[PDB]
Amino acid sequence: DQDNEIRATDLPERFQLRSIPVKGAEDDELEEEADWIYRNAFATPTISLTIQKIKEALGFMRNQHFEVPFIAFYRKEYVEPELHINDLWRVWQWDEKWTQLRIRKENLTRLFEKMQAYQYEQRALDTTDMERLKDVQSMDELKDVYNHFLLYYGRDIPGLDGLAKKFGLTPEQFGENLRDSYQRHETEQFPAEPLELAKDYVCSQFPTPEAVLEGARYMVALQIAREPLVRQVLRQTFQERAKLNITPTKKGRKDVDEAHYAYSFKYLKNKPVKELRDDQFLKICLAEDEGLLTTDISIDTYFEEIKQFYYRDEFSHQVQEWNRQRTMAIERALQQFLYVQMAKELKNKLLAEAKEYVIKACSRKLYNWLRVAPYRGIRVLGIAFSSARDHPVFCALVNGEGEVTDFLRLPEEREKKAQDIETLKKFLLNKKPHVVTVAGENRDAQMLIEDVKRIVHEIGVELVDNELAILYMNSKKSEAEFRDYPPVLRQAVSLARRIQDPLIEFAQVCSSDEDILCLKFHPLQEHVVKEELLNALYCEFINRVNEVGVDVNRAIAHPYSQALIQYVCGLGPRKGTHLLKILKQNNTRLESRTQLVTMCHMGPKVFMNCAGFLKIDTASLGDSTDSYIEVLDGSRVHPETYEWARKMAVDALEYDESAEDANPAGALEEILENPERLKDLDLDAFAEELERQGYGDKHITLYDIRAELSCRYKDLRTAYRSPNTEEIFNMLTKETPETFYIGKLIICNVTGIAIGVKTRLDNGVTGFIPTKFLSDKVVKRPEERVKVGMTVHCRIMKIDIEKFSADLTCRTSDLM
Amino acid sequence: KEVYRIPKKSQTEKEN
């Protein structure tokens, strides 16, 4: 079984998963790799949205088998400051593209060699086999080289050419002229007119020698449109000078009006591709797929410029015929071969760029979710609810370790609310929770949080987003962990766990691709490729897991946290589960982290990759566990650098190197009691002396091995702030600032004249038609304008996000 | 004998 060798091999689990297996480099193919990656992944795209660093990163990844986290987090001096974690991820992604292109090039080179052998057995390949195949810097021009090969040599797997050659300026020369923008190669006259040469070749397929002229022009057009140089020049022309024309289809004119997303570009005219926004072209292509819109990509001319080259000057009247034939051959080639294919290529590139922006937006949103810290374990009480109309509210007190301790149900109306408040206060007094979190669903969250505040002040109370809790509730894992609890109780535990630490909850509830895709990272998330979006999200998870480090001894004791050691560097689903299985079977919990290889069977390369990103809670151990404890194991420091720590501590204590009493362990076990002593050590002078001894540059590593001994796994996440009023508005309302289109038409229900007209929106937002339109402050009520109770649809003219109030319009003139 | 010490000669002021 593949899983068996994957768990048994010595390479990172994520290295075997990739389709293109990681094969070593040569330092000459590696340099070409770096140049190609730098040129292609760091080139300006078509829509508005150091090489030694790439060389070092590629060398690490492909020869040292260092995962992107281990390069980012322990190889900074090699890649920084010009390469970061996401840059390393992009480099490793583009390595796959380089390998694919190289394999394609090798296959095509072998084909061209076999074809050369076959021809030698019998045009031919003299420098094209070298010039083209060797000079293939993209998959697109690889198609240009191959398809050009198929045009001529594709016939043989084991006479219109006469006219085409008698057409002047052989296609390679036409490509040269186009690339130079001037007639580098002159045309070749003939001592006759096209028809006379036509009589020679007009025999069976093309009688009526005009037909042989048509055939010859078609052959010339094929040869021109298949020429790699003409392909390059025309693709560049499309890239720089490309317009986007859009019109709505019969199905599109009617159903796209100020609310369909394609309204802003329902009609376009000469919209340059350079001005396409982040995801605008993705929306354009989605609208075109829906059949309510039609587009085309062109430059309008360019044909007039091109025709000047494949042409001759004199007016002999026997070259005007040749000139006209050449002009119309170029016309046909451009109109039916080059324009269409170049439009297809440009459309694919633009759509892929829009997809990439959408994926990046989803990744950034996930980053913001996972980069939100814990709160300041802690006993967290989580309150969750629903419409609340004949539906109770559940609050769950989740222990600091993350395990729910107990729950409480909180189901004329005034006395019932009073009794609920009394029982909630009783619960809070009995079991004091550090933080009370209220889920975010609607306006009722504000009232719930305010009541909780009124209770607590007689200890914080914070509103919490409710979107991962819903996914947890609907998931089967919630049923598995809590067979007795109702769904709303699952929401409370999810909210408490997320507030305690989002990463630990996001990884546990987003256990599969389907679960992660349930979340809403971006409106167009559903249209991007599933593989790329999933890879981006898992890369964000890996980054935040390695930048946090996963505490081993807690993932075992509390199996809720097991999901975190999937995203550890070096240590994957199979590898992580195998490590957990080994720990469980041995019935032993890591007193020490160099113990990984000692008690488990994980290879040198995996240990190197993973072990920097595993935490050991050395302050929590006691009883029989006191028997064996390596004190450095409680930190971000890794067992290749454990000698430099035990020198840095000795030097910071000014221990006499000549005293047999300089115990380097005891020096650390004094520095980890008094970390302020490490401030008196000159790390730059210490690093220069390590470099002189031949240990290499370690300046940045020593600053980490200091900052880490100053605080064991120093958390860098931004603290759990309370959401800004904008956050509350977009959370409880469940729509974004873009969704609140000032001037949007909304169906609202009128409730009652408190001097204005209170209209309740379906979005849970109060709508106040202004008295200006109402025209009655002390005058008779606005009943004449509209009857109270029913629903009307109007247009927004103002917003009150801090109060959940939005202006409306009564006049149809505003509606227009 | 063969010996080395990281020098406490540092002018960086104990990181405050």
# chains A, B, ... in the order shown; residues from 1 in each chain; ligands from 1
>>> select_by_dssp(residues="segment 216-264 of chain A", states="helix (DSSP H, G or I)", output="ChimeraX atom specification")
/A:216-226,228-240,250-255,261-264
>>> write_last_selection(atoms="N, CA, C and O atoms", output="compact mmCIF listing (two decimals), in the first residue's frame")
# COMPACT_ATOMS: atom_id res chain seq x y z
N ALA A 216 -2.46 27.45 -52.63
CA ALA A 216 -1.14 27.95 -52.28
C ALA A 216 -1.22 29.01 -51.18
O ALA A 216 -0.39 29.02 -50.26
N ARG A 217 -2.19 29.91 -51.27
CA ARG A 217 -2.36 30.91 -50.22
C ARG A 217 -2.72 30.26 -48.89
O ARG A 217 -2.27 30.71 -47.84
N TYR A 218 -3.55 29.21 -48.92
CA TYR A 218 -3.86 28.50 -47.68
C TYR A 218 -2.62 27.84 -47.09
O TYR A 218 -2.41 27.88 -45.87
N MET A 219 -1.80 27.22 -47.94
CA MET A 219 -0.56 26.63 -47.46
C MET A 219 0.35 27.68 -46.84
O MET A 219 0.95 27.47 -45.78
N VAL A 220 0.46 28.84 -47.50
CA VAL A 220 1.30 29.91 -46.99
C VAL A 220 0.77 30.42 -45.66
O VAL A 220 1.54 30.71 -44.74
N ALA A 221 -0.55 30.55 -45.54
CA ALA A 221 -1.15 31.00 -44.29
C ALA A 221 -0.88 30.01 -43.17
O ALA A 221 -0.56 30.41 -42.04
N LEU A 222 -1.01 28.71 -43.45
CA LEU A 222 -0.69 27.71 -42.43
C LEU A 222 0.77 27.83 -42.01
O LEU A 222 1.08 27.81 -40.81
N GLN A 223 1.68 27.97 -42.98
CA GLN A 223 3.10 28.04 -42.65
C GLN A 223 3.43 29.29 -41.85
O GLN A 223 4.29 29.27 -40.97
N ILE A 224 2.75 30.40 -42.15
CA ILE A 224 2.97 31.64 -41.41
C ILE A 224 2.45 31.52 -39.98
O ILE A 224 3.15 31.85 -39.02
N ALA A 225 1.22 31.02 -39.82
CA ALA A 225 0.61 30.91 -38.50
C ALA A 225 1.22 29.81 -37.65
O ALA A 225 1.02 29.81 -36.43
N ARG A 226 1.96 28.87 -38.25
CA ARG A 226 2.66 27.85 -37.48
C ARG A 226 4.11 28.21 -37.16
O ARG A 226 4.75 27.51 -36.38
N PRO A 228 7.15 29.61 -35.33
CA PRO A 228 7.30 30.03 -33.92
C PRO A 228 7.60 31.51 -33.75
O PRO A 228 7.12 32.11 -32.78
N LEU A 229 8.36 32.13 -34.66
CA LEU A 229 8.70 33.54 -34.49
C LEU A 229 7.47 34.43 -34.68
O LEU A 229 7.25 35.37 -33.90
N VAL A 230 6.67 34.15 -35.70
CA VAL A 230 5.43 34.88 -35.90
C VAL A 230 4.51 34.68 -34.70
O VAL A 230 3.81 35.60 -34.27
N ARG A 231 4.49 33.46 -34.16
CA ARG A 231 3.68 33.19 -32.98
C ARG A 231 4.11 34.06 -31.81
O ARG A 231 3.28 34.67 -31.13
N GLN A 232 5.42 34.14 -31.57
CA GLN A 232 5.93 34.97 -30.48
C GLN A 232 5.55 36.43 -30.68
O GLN A 232 5.03 37.09 -29.77
N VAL A 233 5.79 36.95 -31.88
CA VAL A 233 5.53 38.37 -32.14
C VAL A 233 4.05 38.68 -31.97
O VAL A 233 3.68 39.68 -31.33
N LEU A 234 3.18 37.82 -32.50
CA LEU A 234 1.75 38.08 -32.43
C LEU A 234 1.21 37.91 -31.01
O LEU A 234 0.32 38.66 -30.60
N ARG A 235 1.72 36.94 -30.25
CA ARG A 235 1.31 36.81 -28.86
C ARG A 235 1.72 38.03 -28.05
O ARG A 235 0.96 38.51 -27.20
N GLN A 236 2.93 38.55 -28.29
CA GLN A 236 3.35 39.79 -27.63
C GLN A 236 2.42 40.94 -28.00
O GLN A 236 2.00 41.72 -27.14
N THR A 237 2.09 41.06 -29.29
CA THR A 237 1.17 42.11 -29.73
C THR A 237 -0.17 42.00 -29.02
O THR A 237 -0.73 43.01 -28.56
N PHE A 238 -0.71 40.79 -28.92
CA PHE A 238 -1.95 40.57 -28.19
C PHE A 238 -1.80 40.97 -26.73
O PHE A 238 -2.68 41.63 -26.16
N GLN A 239 -0.68 40.60 -26.12
CA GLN A 239 -0.44 40.92 -24.72
C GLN A 239 -0.47 42.43 -24.48
O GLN A 239 -1.13 42.91 -23.55
N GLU A 240 0.25 43.19 -25.31
CA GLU A 240 0.34 44.63 -25.07
C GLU A 240 -0.89 45.38 -25.56
O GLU A 240 -1.44 46.22 -24.83
N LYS A 250 -29.39 37.95 -26.16
CA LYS A 250 -30.83 38.11 -25.99
C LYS A 250 -31.26 37.70 -24.59
O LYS A 250 -32.11 38.34 -23.97
N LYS A 251 -30.66 36.62 -24.07
CA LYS A 251 -30.92 36.22 -22.70
C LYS A 251 -30.23 37.14 -21.69
O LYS A 251 -30.54 37.07 -20.49
N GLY A 252 -29.32 38.00 -22.14
CA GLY A 252 -28.57 38.84 -21.23
C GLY A 252 -29.11 40.24 -21.05
O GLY A 252 -28.99 40.83 -19.97
N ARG A 253 -29.72 40.80 -22.11
CA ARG A 253 -30.23 42.16 -22.02
C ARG A 253 -31.31 42.31 -20.97
O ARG A 253 -31.47 43.39 -20.39
N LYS A 254 -32.07 41.24 -20.69
CA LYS A 254 -33.24 41.37 -19.84
C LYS A 254 -32.95 41.11 -18.37
O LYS A 254 -33.51 41.79 -17.50
N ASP A 255 -32.07 40.16 -18.05
CA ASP A 255 -31.86 39.70 -16.68
C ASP A 255 -30.60 40.27 -16.03
O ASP A 255 -30.15 39.74 -15.01
N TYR A 261 -24.37 40.84 -11.41
CA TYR A 261 -22.98 41.23 -11.23
C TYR A 261 -22.39 41.81 -12.52
O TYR A 261 -21.53 42.69 -12.48
N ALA A 262 -22.85 41.32 -13.67
CA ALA A 262 -22.31 41.77 -14.95
C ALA A 262 -22.87 43.11 -15.41
O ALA A 262 -22.66 43.47 -16.57
N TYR A 263 -23.57 43.85 -14.55
CA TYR A 263 -24.13 45.13 -14.97
C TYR A 263 -23.05 46.12 -15.37
O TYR A 263 -23.19 46.82 -16.38
N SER A 264 -21.97 46.21 -14.59
CA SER A 264 -20.94 47.20 -14.86
C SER A 264 -20.28 47.00 -16.23
O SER A 264 -19.76 47.96 -16.79
>>> residues_around(residues="residue 148 of chain A", least_positions_apart="2", cutoff="8 Å", atoms="only C-alpha atoms", output="ChimeraX atom specification")
/A:144-146,150-152,223,226-228
>>> interface_residues(of="chain B", to="chain A", cutoff="6 Å", atoms="only C-alpha atoms", output="PDB file with N, CA and C atoms, in the first residue's frame")
ATOM      1  N   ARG B   5      35.444  31.045  24.383  1.00  0.00           N
ATOM      2  CA  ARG B   5      34.364  31.729  25.105  1.00  0.00           C
ATOM      3  C   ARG B   5      33.689  32.738  24.184  1.00  0.00           C
ATOM      4  N   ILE B   6      32.358  32.755  24.124  1.00  0.00           N
ATOM      5  CA  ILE B   6      31.619  33.899  23.581  1.00  0.00           C
ATOM      6  C   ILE B   6      31.965  35.100  24.464  1.00  0.00           C
ATOM      7  N   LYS B   8      31.617  38.433  26.545  1.00  0.00           N
ATOM      8  CA  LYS B   8      30.613  39.353  27.128  1.00  0.00           C
ATOM      9  C   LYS B   8      30.879  40.834  26.786  1.00  0.00           C
ATOM     10  N   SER B  10      29.907  42.717  24.520  1.00  0.00           N
ATOM     11  CA  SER B  10      28.749  43.314  23.854  1.00  0.00           C
ATOM     12  C   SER B  10      28.424  44.750  24.276  1.00  0.00           C
ATOM     13  N   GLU B  13      22.682  46.695  24.807  1.00  0.00           N
ATOM     14  CA  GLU B  13      22.449  46.905  26.245  1.00  0.00           C
ATOM     15  C   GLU B  13      21.363  46.005  26.832  1.00  0.00           C
ATOM     16  N   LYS B  14      21.663  44.706  26.890  1.00  0.00           N
ATOM     17  CA  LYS B  14      20.825  43.650  27.483  1.00  0.00           C
ATOM     18  C   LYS B  14      19.356  43.638  27.001  1.00  0.00           C
ATOM     19  N   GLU B  15      19.091  44.109  25.781  1.00  0.00           N
ATOM     20  CA  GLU B  15      17.741  44.203  25.194  1.00  0.00           C
ATOM     21  C   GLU B  15      16.738  44.879  26.157  1.00  0.00           C
TER      22      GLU B  15
END
>>> residues_around(residues="residue 639 of chain A", least_positions_apart="5", cutoff="12 Å", atoms="only C-alpha atoms", output="MDAnalysis selection string")
chainID A and resid 592:597 604 607:614 630:634 644:646 705
>>> closest_residue(among="A:544, A:692, A:615, A:97", to="residue 567 of chain A", atoms="only C-alpha atoms")
A:544
>>> residues_around(residues="residue 482 of chain A", least_positions_apart="6", cutoff="12 Å", atoms="only C-alpha atoms", output="list in words")
residues 403, 404, 407, 472, 473, 475, 476, 488, 489, 490, 491, 493 and 494 of chain A
>>> atom_distance(atom1="atom CA of residue 446 of chain A", atom2="atom CA of residue 495 of chain A")
16.2 Å
>>> closest_residue(among="A:283, A:277, A:123, A:581", to="residue 527 of chain A", atoms="only C-alpha atoms")
A:283
>>> atom_distance(atom1="atom CA of residue 718 of chain A", atom2="atom CA of residue 371 of chain A")
6.4 Å
